[PDB]
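Okay, structure first, notes after.
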Amino acid sequence: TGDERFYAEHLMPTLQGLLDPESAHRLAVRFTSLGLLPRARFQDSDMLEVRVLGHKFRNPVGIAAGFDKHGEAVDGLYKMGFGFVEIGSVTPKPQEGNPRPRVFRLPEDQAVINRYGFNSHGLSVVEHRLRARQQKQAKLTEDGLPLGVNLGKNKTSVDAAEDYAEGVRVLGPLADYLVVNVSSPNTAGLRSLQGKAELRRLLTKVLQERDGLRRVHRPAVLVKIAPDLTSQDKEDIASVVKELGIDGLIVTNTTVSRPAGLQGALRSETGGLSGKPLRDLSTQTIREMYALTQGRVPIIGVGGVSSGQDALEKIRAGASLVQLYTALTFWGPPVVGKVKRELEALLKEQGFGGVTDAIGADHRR
Ligand SMILES: Cc1cc2nc3c(=O)[nH]c(=O)nc-3n(C[C@H](O)[C@H](O)[C@H](O)COP(=O)(O)O)c2cc1C
Ligand SMILES: COC(=O)/C(C#N)=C1\SCC(=O)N1c1ccc(OC)cc1F
Ligand SMILES: O=C(O)c1cc(=O)[nH]c(=O)[nH]1
């Protein structure tokens with residue numbers, strides 16, 4: 001489309017020329033919340049519908065955690081054409097996150113590095129924000145547009161599992177699915193929660209708390225994992241997810257690695273790397289986790305999706321749904337419809353009747 005080119009060649013590089021990335025993101029959140037967005041001409045076809053996690057999803061393309069950290073732009077994001085929205089990470093208490101600058105663009109790599117450190121309005125603020133549109137969300141959910149809430153831990157917390165449990169109690173009842181984010185690279189010690197013994201203790205507490213919620217307010221619980229795990233760590237996570245009946249996995253968070261070949265001047269900034277250089281590392285992690293869980297555990301695939309091909313590769317590797325963030329940063333809102341249009345085209349070319357038929361297809365080759 002004309003919009004796709006104008007955004008990608010004029011609008012977004014102009015905004016990028018004028019504003020540091022944190023400013024630009026704040027402005028984007030504001031515009032989205034106000035619905036100041038291009039017409040999302042693409043109409044979701046039936047071949048894009050997916051049923052998973054106890055819900056219908058109109059299309060399989062979601063906004064990944066971190067874009068709407070505090071639940072300010074949910075309805076704007078649906079307007080953009082996302083099949084599902086994930087907010088967060090939310091921490092129990094408000095906290096500022098790290099000092100600025102803390103986000104960096106690598107335009108020559110189609111990548112970003114961030115070290116926000118869980119800047120969060122906190123659970124209470126977010127709770128009230130979601131409660132203000134709770135029945136609007138219930139109607140959206142019923143219409144195939146579910147809401148996920150991603151939970152974090154405060155920096156100075158003395159009991160990580162208690163932070164997650166507090167999140168489950170507070171925001172669980174307002175979410176279709178919850179995400180235990182134990183893979184930020186920007187909170188000290190957090191990724192050690194992916195270890196077998198820590199994860200089993202943590203997840204048992206999280207699941208107990210979730211199962212204590214009233215039926216109609218009981219969300220699915222997913223775990224979001226890093227792209228930098230060892231084979232032992234992957235194995236362990238798969239074992240615990242089966243042992244406990246975790247509902248799904250989000251694969252992956254940003255990478256602490258710096259793949260050879262990065263060109264951006266800012267490549268050696270501390271933080272998590274997202275975008276194109278993370279793409280195949282995340283696809284491979286999806287593939288491994290789908291096989292370790294025997295294809296029985298839904299996966300939301302994320303990292304470096306910017307086209308229909310990128311989405312289909314993750315679907316074929318084992319994702320039931322995909323998310324993106326960094327593509328939006330570079331191409332703007334039209335990227336969403338682009339991905340969907342291209343995905344539908346490729347599904348037809350590859351002889352799939354819909355998305356559902358393509359889930360895990362590479363493992364049946
Ligand atoms: C600026 C920024 C903030 C993010 N914040 C969060 C967060 O709060 N919680 C989380 O689980 N993931 C967060 N992520 C990771 C994304 O959700 C996603 O997993 C990652 O960016 C890979 O997707 P992408 O390559 O499409 O951006 C963040 C990523 C970026 C770039
Ligand atoms: C001065 O800033 C604008 O004009 C923006 C912005 N930001 C506009 S104009 C129409 C539009 O869609 N956006 C926008 C909204 C969300 C974004 O997510 C990255 C990016 C955008 F460019
Ligand atoms: O807040 C952040 O720094 C953040 C959290 C997270 O989970 N992933 C990420 O890349 N950044």
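All values below were derived from every heavy atom in this structure, side-chain atoms included, with hydrogens, water molecules and symmetry-related copies excluded. For ligands, and for the atoms within them, numbers begin at 1 and follow the listed sequence. In this chain, residues are counted from 1 in sequence order.
Each of the following atoms of ligand 1 lies closer than 4.0 Å to a heavy atom of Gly88: 8 (O). For ligand 3, the atoms closer than 4.0 angstrom to any heavy atom of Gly117 are 1 (O), 2 (C), 3 (O). Listed by number with element, the atoms of ligand 1 under 4.0 angstrom from any heavy atom of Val302 are 18 (C), 19 (O), 22 (C), 23 (O). Those atoms of ligand 1 with a heavy atom of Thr252 less than 4.0 angstrom away are 19 (O). Close approach to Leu278 involves these atoms of ligand 1, each under 4.0 Å from a residue heavy atom: 22 (C). Annotation for ligand 1: atoms under 4.0 Å from non-hydrogen atoms of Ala64 are 17 (O). Atom numbering of ligand 2 starts at 1 in the shown order; those under 4.0 Å from a heavy atom of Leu328 are 19 (C). Under a 4.0 Å criterion applied to the non-hydrogen atoms of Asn181, ligand 1 contributes the atoms 9 (N), 10 (C), 11 (O). Atoms of ligand 1 lying under 4.0 Å from at least one heavy atom of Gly275, given by number and element, are 25 (O). Atom numbering of ligand 1 starts at 1 in the shown order; those under 4.0 Å from a heavy atom of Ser89 are 7 (C), 8 (O), 9 (N), 10 (C), 11 (O).
In this structure, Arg102 does not pair ionically with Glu269, as no charged nitrogen and carboxylate oxygen lie closer than 4.0 Å. The pair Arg316-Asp310 does not meet the salt-bridge criterion, since no charged nitrogen lies less than 4.0 angstrom from a carboxylate oxygen. No salt bridge links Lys338 with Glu4; every basic N to acidic carboxylate O contact stays at or beyond 4.0 Å.
Checking only distances, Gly304 does come within under 3.5 Å of ligand 1, N or O to N or O. Where the criterion is an N or O separation shorter than 3.5 Å, residue side chain and backbone included, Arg115 fails it with respect to ligand 3.
Distances from atom 3 (O) of ligand 3 to the heavy atoms of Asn186, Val179, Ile113 show the closest one on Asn186. With distances taken over non-hydrogen atoms, the option nearest atom 2 (C) of ligand 1 out of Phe67, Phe104, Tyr325, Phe118 is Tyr325. Compare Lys224, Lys69, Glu22, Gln323 by their heavy atoms: the one nearest to atom 8 (O) of ligand 1 is in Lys69. Counting heavy atoms only, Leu36 comes closest to atom 11 (C) of ligand 2 of the residues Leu36, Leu11, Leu18, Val336. Considering only non-hydrogen atoms, atom 21 (C) of ligand 2 lies nearest to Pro333 out of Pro334, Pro333, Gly35, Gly332. By heavy-atom distance, the residue among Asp3, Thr14, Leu15, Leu37 lying nearest atom 6 (C) of ligand 2 is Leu15. Comparing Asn150, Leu328, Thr326, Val180 against atom 27 (O) of ligand 1, the shortest heavy-atom distance belongs to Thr326.
Closest to atom 13 (C) of ligand 1, if we only count protein heavy atoms, is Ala65 O, 3.3 Å. Annotation: atom 11 (N) of ligand 3 to nearest protein heavy atom, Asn114 OD1, 2.9 Å. For atom 8 (N) of ligand 3, the closest non-hydrogen atom of the protein is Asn253 OD1, 2.8 Å. Ranking the protein heavy atoms by distance from atom 20 (C) of ligand 1 puts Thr254 CG2, 3.7 Å first. The shortest contact between atom 5 (C) of ligand 2 and any protein heavy atom is with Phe31 CD2, 3.5 Å. Of the protein's non-hydrogen atoms, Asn114 ND2, 3.3 Å is the one closest to atom 30 (C) of ligand 1. Among protein heavy atoms, the minimum distance from atom 15 (C) of ligand 1 is reached at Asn253 OD1, 3.5 Å. In terms of protein heavy-atom proximity, atom 21 (O) of ligand 1 is nearest to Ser274 CB, 3.5 Å. Looking at atom 12 (O) of ligand 2, its nearest protein heavy atom turns out to be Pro38 CD, 3.1 Å. Regarding atom 5 (C) of ligand 3, its nearest protein heavy-atom neighbour is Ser184 OG, 3.2 Å. The protein atom (non-hydrogen) at minimum distance from atom 5 (N) of ligand 1 is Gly66 CA, 3.1 Å.
Counting heavy atoms under 4.0 Å from ligand 3, residue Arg102 does not touch it at all. Of all the heavy atoms of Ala28, the ones lying under 4.0 Å from any atom of ligand 2 are found in both the backbone and the side chain. Looking at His25 against ligand 2, nothing comes within 4.0 Å, counting heavy atoms. At a heavy-atom cutoff of 4.0 Å, ligand 3 is contacted by no atom of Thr187, backbone or side chain.
You'll find the side chain of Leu292 reaches within 4.5 Å of the side chain of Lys234, heavy atoms only.
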Inset, instruction - Could you give me the CA-CA distance, side-chain angles and deciding distance for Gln134 and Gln137, then say whether side chain to side chain donor-acceptor pair (under 3.5 Å) is met? - result: CA-CA 5 Å; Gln134 185 172 10; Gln137 188 67 52; over 6 Å; no

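Taking the six-membered ring where the residue is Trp, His363 and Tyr290 present tilted rings, their angle falling between 30° and 60°. Classification of the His55-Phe57 ring pair by plane angle, with boundaries at 30° and 60°, yields perpendicular.
The side-chain tip of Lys69 points at the ring of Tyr116 from less than 6.0 angstrom away and within 45° of straight on.
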